[PDB]
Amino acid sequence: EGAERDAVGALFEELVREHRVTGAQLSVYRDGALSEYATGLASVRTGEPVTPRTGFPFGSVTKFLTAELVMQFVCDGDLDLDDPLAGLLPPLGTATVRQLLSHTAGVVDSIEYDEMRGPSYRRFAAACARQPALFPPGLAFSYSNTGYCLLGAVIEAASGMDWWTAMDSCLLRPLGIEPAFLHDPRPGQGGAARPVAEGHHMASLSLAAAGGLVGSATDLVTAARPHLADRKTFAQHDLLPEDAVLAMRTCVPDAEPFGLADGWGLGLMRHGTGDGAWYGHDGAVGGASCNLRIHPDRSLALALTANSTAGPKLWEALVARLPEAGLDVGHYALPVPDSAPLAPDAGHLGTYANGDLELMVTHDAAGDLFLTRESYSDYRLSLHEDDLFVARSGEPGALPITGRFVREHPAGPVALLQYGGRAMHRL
């Protein structure tokens, strides 16, 4: 196996050059032992090198950790997975903790809340109540940062600790992870600050439970250790029982995360089907990207952190090449529509919204359909079979969109527009 681990480092280092990555970490747990590759600089500004201790923004990969912390309370009886929120916090009250974890509660992606100034998530839960639901809870998938900030408020209500203090004391420190955040509102105590990589977002106090953690590839792989077939070899596996781990990778049915993944569990997404299924999470904060992938049956976990804007393309080039060391990480691909533009059903015209994001489906006088947005270019919209759509903006700077429409009933009209993992309610 010593030559496989060599291969990965050769490939890793060569891909960080070819995508001109300032600094990166890659950690791999495989065949019962850990490989840690760290390269480049934590800051060009200062010349300090990346080491495996350097903190990188996790961004939305925080969700996998917030999910694990929430599962801990489900296992300690302190919180129920499948019964209404309205019992735990002052429409939304019919959503369950299980739905928020799988992005099926119908919460919008982003509700602005600049007003949060401290560690409590109480006042944030109030402004969420004031907000329209994308759909009835359970109807479909729609990725939501705000849903995971709601879990920060559930955790705080479930235990008695703010989300930060529960993250640190129930999950992070028992795993030997040095706690580190984009923003910590607590006075805290002293001690050297953990070295962190800069990445010139979810830099905003209310987004913490959804995107605020900071850490290394090795921390993420360590948080993956309870999820593995060989979990009993991990001395802290007790922190996440075999049944919470199983629930975390059990995908919600009848809710395809269209555009992001084949399926979603509780804080883990799925790419692939059977023996080729991988689980994990992606994130990005400015110049920093983060990916975590887990093959539980093979007891495999890898995580990449990178503080350059090629971070997404480094990750994709790493997935395309990692097979050259036997790591066939699952892939997600949008479906290419098989057909030709279908008769522009006008039962599709209207305004689709997710919070403050807004599209309009219009026609022009020739009858073709368009997808417009505030300070975007217009797209030509083509309807296809299975309610698929492609939207093309002839301009090369603006990528095409593959989406789909969603009806609440097989006889009803189009209710949801869905792409990139987000749904947008027809107004």
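Sequential numbering from 1, following the sequence displayed.
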Please figure out whether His200 and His201 are truly consecutive in the deposited sequence or have unmodelled residues between them, and give none, 1 to 3, 4 to 9, or 10 or more.
-> 10 or more
For the neighbouring pair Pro90 and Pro91, the stretch of deposited sequence with no coordinates amounts to 4 to 9
Out of 214 to 222 and 272 to 280, which stretch has the higher average CA B-factor listed in the record?
-> 272 to 280
Of 260 to 268 and 127 to 135, the one with larger mean CA B-factor | 127 to 135
Top Cα B factor in the deposited entry, candidates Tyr143, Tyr121, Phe181, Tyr148 | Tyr121
Select one of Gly106, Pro241, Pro337, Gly152: the residue whose C-alpha shows the highest B-factor in the crystal structure entry.
-> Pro337
Rank-wise, by C-alpha B-factor, drop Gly330 into the lowest, middle or highest third of its chain.
-> highest
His227 by Cα B-factor - lowest, middle or highest third of the modelled chain | lowest
Cα B factor band for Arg30 (lowest, middle or highest third within the chain) | middle
B-factor third for the C-alpha atom of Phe73 within its chain = middle
Once the chain's modelled residues are ordered by C-alpha B factor and cut into thirds, is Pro57 in the lowest, middle or highest one?
-> lowest
